[PDB]
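To keep things clear, I will list the structure first and then write my remarks on it.
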Amino acid sequence: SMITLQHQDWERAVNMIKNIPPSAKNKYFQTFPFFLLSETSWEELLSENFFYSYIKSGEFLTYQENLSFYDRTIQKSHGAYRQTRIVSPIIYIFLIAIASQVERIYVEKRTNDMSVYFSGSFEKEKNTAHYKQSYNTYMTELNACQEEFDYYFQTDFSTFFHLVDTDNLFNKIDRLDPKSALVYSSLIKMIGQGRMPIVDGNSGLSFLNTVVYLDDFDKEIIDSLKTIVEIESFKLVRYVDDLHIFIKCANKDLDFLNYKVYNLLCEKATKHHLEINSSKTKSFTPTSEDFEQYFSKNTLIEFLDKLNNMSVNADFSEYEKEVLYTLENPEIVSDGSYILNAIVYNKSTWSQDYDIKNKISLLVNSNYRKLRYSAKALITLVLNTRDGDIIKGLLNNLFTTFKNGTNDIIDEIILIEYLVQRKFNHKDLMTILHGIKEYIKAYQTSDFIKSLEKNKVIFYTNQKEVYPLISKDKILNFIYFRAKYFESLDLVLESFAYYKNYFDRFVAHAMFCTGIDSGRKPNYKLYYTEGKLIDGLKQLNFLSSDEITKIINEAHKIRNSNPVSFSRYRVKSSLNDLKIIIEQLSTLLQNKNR
Amino acid sequence: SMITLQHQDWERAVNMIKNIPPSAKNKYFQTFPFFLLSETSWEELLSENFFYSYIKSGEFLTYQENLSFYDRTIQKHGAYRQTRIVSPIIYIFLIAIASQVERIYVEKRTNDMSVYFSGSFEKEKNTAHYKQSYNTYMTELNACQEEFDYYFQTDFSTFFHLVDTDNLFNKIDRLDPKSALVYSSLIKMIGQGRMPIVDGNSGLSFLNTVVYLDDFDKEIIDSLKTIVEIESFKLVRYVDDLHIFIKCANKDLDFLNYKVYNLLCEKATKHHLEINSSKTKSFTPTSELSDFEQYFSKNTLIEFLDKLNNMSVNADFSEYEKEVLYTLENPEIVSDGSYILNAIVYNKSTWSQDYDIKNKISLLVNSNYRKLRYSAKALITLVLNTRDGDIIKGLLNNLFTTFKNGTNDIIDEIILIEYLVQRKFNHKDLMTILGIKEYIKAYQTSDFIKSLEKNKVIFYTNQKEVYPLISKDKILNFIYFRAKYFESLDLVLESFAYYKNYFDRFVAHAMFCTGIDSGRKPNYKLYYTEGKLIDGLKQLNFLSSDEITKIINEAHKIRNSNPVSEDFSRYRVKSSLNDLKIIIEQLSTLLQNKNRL
DNA sequence: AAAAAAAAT
DNA sequence: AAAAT
Ligand SMILES: [Mg+2]
């Protein structure tokens, strides 16, 4: 009733993550907690008992573990900062479940003149939350368009996710229930502190931003391209924000087509609040544009030498020009980054050469900061040496900088990349363990389904019987979620209005628990007035009658002046008073004795 | 008081706009309305009665003229800046918001830094134009050149569109949360949910530069002081543009470039700022910072118009800048042809009247006027500098042909609006040409203060007297403003809940106004429920008695299931809001009828 | 050199 | 298994 999500969507979401090969779940930070999941813990996820009582009831949006998010900076391919947000494993499923419901009820506007792919696939019998299957199919079609058509146009959007209007995204889904779209958009915006976050690899946000949000824009490009008579045929292929425009035309019309198509892209992008990446956009280009023999171990030695002699103050431009180009073989068709990844993932024994392992040791001990140019590949290169003195040396060099206080964001990314590749080893964690450190201790060492059932609160009535009405309340769970949603954005007016409703209803629940109100269902409406609140709270024998009248009278003075239904400090002070009462009214209920 | 804005803040906002020179007022779209304002209209804007009865009461947020915003694309490297055109009253309010913030905000940055924005709040130099601050900014850049050794330039990409308006107003500690709600929601209403770009507005320029960037700017100041290789440093800022002047030894330049640049990238990411990489240059020596007919002549302009006419319209901005704009450059002066072209159209107006020059300009506007899109503002001035009727009217006729044929695109709109602004909205051109055009008719043609009072709704009671309680209702006005704010964002649940509250209070006023309800104040509380609300609408005898029952029944059905107060879709909610809106239109029309019943 | 103004954002 | 946005 509150979330229109069906169990089939949550099931689909859980199945896409489970379908990821176990040898792939533990290569990423965000998918590692699912790698530690037992088979019995999986069965609980797809079980409808866990869905209707914890997911659909909104109970999961009432625990601080599911409303807490963390910052994590990852490295861009060419040396930029991609700021991401880390969410709890439960929230990671919910984002995919939302996309599962949207895929069922959204009617696409783009025609079959264009193929679309994202970091996932809802294709039947091939559901997966990973990018390999979709990206491989994406690159296979780019080759098909490479042979069929003559020229291609490539465009891209800058800061795509951060410029997405989350409210506008959910508004273009007609058959989406507005009461449910309010819950979805609030959670997503809460992850991004008001804007569309970057949950790296999350197919939920990938599908929503590529298939739904870009639908209107892609449709106008398709329709306008048909009016151009100079184009014989065309085909569009898109991966998230990357777009390829293959066409068939005469060479004599290439100039006018470049003028027509580029102005068509700019006009429509500005129309839909999209910013075209001028750097990553090229004009109409012709479609044409033993491994130990192409790249030997000597070519790898020159890489470490040019890198070990390069100063640590060199930017990415100096690293990519000298060091990375050393790997490119004239006869081979690959960049310096692609060849480097092929060595660490296939020629793993090369790091055990006497010369290579020694040149590697010089890198880690001289300055580990040189690892920042390719953190994933270079750390794998270090770990491929299989030498404990080097592996423990890189960790201790990181530990010394974190011990002093000079640890910036570069020391962080190297540390997190190191801890993920070593599978969050217990000995490494005992030496390191703030912010992201809390998520590592919380979900990266245990089964979060087993820890979910242990840390569950339980209320006991006067007859020492379990009270299950609070957690199953589809009104209390969502009013509390909205009160926390506005609190994270520091919007104290709307946050007080919602929490005051949660306060009156939770008080009405503690009455049915102690047997004071002995009706069919709890009397929620009775405690909306001031006279019934301070009288019932005093009847609970858990607070002083002088303080109770001091808090609710002040809180009533705020509700009668709240323009949502007096400084931020005054509102936050009365809200903190309402929270302390709840924390004591809660601890009073779990005590079966008296 | 639903906004804590003071009269001094509004007075300041109107003064800095008035302080703009007239010959600069008539140069921009947003400020041209004020160029037509009579002196009595200026007196009214500063008058105490106008502020308390129209601004601080929220009455201005209940007229469609102040809640209607239109898109407009201005020219950048040949990119698109999507702007949002606001009403003249709204243009002042954003500036008045900045005035209250300037009085109560405490800057965290120190005097190691100099911050400028598009305007000024200086004691004796209040101005809403950018020429004053930009000249002071250019002067400080020259002083910093003569004293420091190297400078580091930085810039933010999509700076305005990446700002979080809610977080911005949250760094203003002394701003009350209730006024911050109105200020934030109105700004987000203009930008359709995000921070907009109102062309040249000092109010948004001040907030995003002085307040939003404060946390980032102080972090750089504190971190630069810890670098022992930096002897001294001074920081200069203009909106998002930033210069880091330092004094140091040449031997530490490599370490300082790596230290300063990475610190910039780290803290910018921390505050959700996207650093522009194309405009960020490393530590460059200060010496590299940027009689007329002796260098540039009429022949230089003849060579410019020649290559422009030989270049095909299919050419892009790079081919224009490299092949055409280069002919204006001189190998003795460091200057882009853009700055040279601006000097010719603005200081050599008579050059466009030369015989040879005027013929190639006519050839430029008769072959394909879409070649003007490369330098829309400058090349239009070049055409208007010819003072030729057949040439200037020829450009208007070609634009009218592409608009009558229905084949006009965004490029033709940019040339058309810039042409209409540069020709000062000529009467003959307006009759030939005519959403953005509606703003032209409503504001760019006459005194908008005089038109404001001639189009004010007047409500008559049953005794044929004026009913003045609706306009002065601070509660009704702001509730209506929130309903139209959520409606603009297409958020049906919040828009219905606020409009229903506005609907209940408006009917309560119509009940007192028509004499059905007696006493001192209208009985607002009695019309909050289904039953009494239907009876009051039946009593007025202006709608079908059955349709009132169906509309209110469905309206209260939606209210009882609204989670912000299933089977309720977006369409169903929007239909009930429309029926509620339709009833108000009939109720309002009936109220401005003196001799009725 | 002046529709003492446009050109920066 | 990693190497994509
Ligand atoms: Mg609300």
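Residue numbering restarts at 1 in every chain; chains get A, B, ... in the order shown in the structure tokens, and ligands count up from 1 in that same order.
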
| Counting only C-alpha atoms (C1' of nucleotides), what is within 10 Å of residue 141 in chain A, bar same-chain residues fewer than 6 positions away, as a PyMOL selection string? | chain A and resi 115+135+237

Based on the selection just made, write N, CA, C and O atoms of those residues as an mmCIF file, in the first residue's frame.
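In the end it all went to out03.cif:
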```cif
data_model
loop_
_atom_site.group_PDB
_atom_site.id
_atom_site.type_symbol
_atom_site.label_atom_id
_atom_site.label_comp_id
_atom_site.auth_asym_id
_atom_site.auth_seq_id
_atom_site.Cartn_x
_atom_site.Cartn_y
_atom_site.Cartn_z
ATOM 1 N N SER A 115 19.755 0.643 -29.889
ATOM 2 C CA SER A 115 19.964 -0.297 -28.800
ATOM 3 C C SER A 115 20.477 0.448 -27.574
ATOM 4 O O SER A 115 21.217 1.429 -27.688
ATOM 5 N N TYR A 135 28.056 -5.291 -21.398
ATOM 6 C CA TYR A 135 29.131 -4.579 -22.083
ATOM 7 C C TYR A 135 29.679 -5.394 -23.246
ATOM 8 O O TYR A 135 29.985 -4.840 -24.309
ATOM 9 N N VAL A 237 23.636 3.326 -30.829
ATOM 10 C CA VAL A 237 23.993 2.406 -29.758
ATOM 11 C C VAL A 237 24.431 3.241 -28.565
ATOM 12 O O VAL A 237 25.211 4.188 -28.720
#
```

| task | Give me the residues within 10 Å of residue 95 in chain B as a list in words, counting only C-alpha atoms (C1' of nucleotides) and dropping any in the same chain fewer than 4 places off. | result | residues 9, 10, 12, 13, 14, 16, 17, 90, 91, 99, 100, 101, 119, 128, 201, 202, 203, 204, 205, 206 and 207 of chain B

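The spacing separating CA of residue 211 in chain B from CA of residue 474 in chain B amounts to 28.9 Å.
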
| said: I need the strand (DSSP E or B) residues of range 96-249 of chain B per DSSP on the backbone, written as a ChimeraX atom specification. | reply: /B:113-117,119-121,126-127,150-154,156,232-238,241-247

Per residue of range 307-400 of chain B within 8 Å of chain C, record the nearest atom pair and its distance in Å to one decimal, counting only C-alpha atoms (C1' of nucleotides), with rows in chain order and ascending residue number, as CSV.
```
residue,atom,partner,partner_atom,distance
B:339,CA,C:7,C1',6.9
B:342,CA,C:7,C1',5.8
B:343,CA,C:7,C1',7.6
B:346,CA,C:6,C1',6.9
B:347,CA,C:1,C1',7.5
```
